[PDB]
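The numbers here are math on the coordinates, done by the rules we state, and not lab data. Using ideal geometry, Cβ is built from the backbone for each residue, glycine included, and neighbour counts are taken over all protein chains shown.
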Amino acid sequence: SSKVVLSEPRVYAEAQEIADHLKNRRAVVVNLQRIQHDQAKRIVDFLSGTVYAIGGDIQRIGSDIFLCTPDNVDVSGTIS
Amino acid sequence: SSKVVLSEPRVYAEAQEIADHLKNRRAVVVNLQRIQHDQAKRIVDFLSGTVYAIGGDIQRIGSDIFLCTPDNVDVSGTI
């Protein structure tokens with residue numbers, strides 16, 4: 001019924017695919033633990049701009065991993 | 001609208017609170033980065049039994065981090 005996408009991007013360009021998911025109202029788990037760190041930063045910044053624009057959110061869920069949500073997904077709880 | 005719960009348990013007994021969320025049709029992200037490693041294992045095994053019982057799923061989504069879902073959440077892609 002609801003859909004969550006798991007994403008492990010290799011290059012900065014793959015952020016566009018993630019943003020398309022968000023625009024289509026799906027949450028996306030973004031694992032950046034195994035990407036070049038300079039590229040990870042770029043992804044996160046791009047996705048911050050995406051979510052800012054569509055009224056969603058982006059939240060760190062662990063070391064170099066994030067949950068991006070559209071406005072139709074409420075997230076509760078926190079991770080240190 | 002849907003709800004996703006973020007959990008960072010510190011003791012094994014908190015796996016019950018995660019299981020309650022799943023029985024109530026919410027996905028839970030379970031970050032086991034801060035718990036003792038021996039106890040992480042035991043949480044992950046407890047949750048596999050829970051999801052087995054209710055027809056959901058458990059998927060590793062990074063180091064020491066898992067996505068548990070009930071049957072009403074479809075997960076696509078992999079990590």
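Observations, loosely collected:
- The mean count of C-beta atoms from other chains within 10 Å of the C-beta of residues in B:1-10, rounded to a whole number, is 6.
- Summary value for chain A: 30 percent relative contact order, contacts being C-alpha pairs under 8 angstrom separated by 6+ residues.
- Here the scattering of the protein assembly as shown is modelled by Debye summation over its C-alpha atoms, one equal scatterer each and no solvent; at q = 0.10, 0.17, 0.19 Å⁻¹ the log10 of I(q)/I(0) is -0.33, -0.95, -1.16.
- Normalising the Debye intensity of chain A to I(0), with uniform scatterers on Cα atoms only, and taking log10 at q = 0.15, 0.19, 0.21 Å⁻¹ returns -0.45, -0.73, -0.90.
- Judged by the mean number of other Cβ atoms found within 10 Å, the most tightly packed of the peptides A:1-7, B:41-47, B:10-16, A:67-73 leads the ranking A:67-73, A:1-7, B:41-47, B:10-16.
- Across peptide B:42-51, the mean count of Cβ atoms from other chains lying within 10 Å of each residue's own Cβ comes to 0.
- The charge dipole of the protein assembly as shown, taken about the Cα centre with unit charges on the Cβ atoms of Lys, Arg (+1) and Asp, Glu (-1), comes to about 20 debye, rounded to the nearest 20.
- Computed [θ] at 222 nm, helices only, for chain B once each DSSP H run of length n ≥ 4 contributes -39500 (n - 2.57): -11000 deg cm²/dmol
- Of A:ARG60, A:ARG25, A:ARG34, the residue with the greatest mean-square motion in the GNM of chain A, using alpha carbon springs below 10 Å, is A:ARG34.
- Acute angle (nearest 10 degrees) that the helix A:37-54 long axis makes with the longest principal axis of chain A, alpha-carbon atoms: 20 degrees
- For the segment B:16-29, counting C-beta atoms of other chains within 10 Å of every residue's C-beta and taking the mean gives 2.
- Beta bridges by DSSP in chain A, antiparallel share as percent, to the nearest 5: 70 percent
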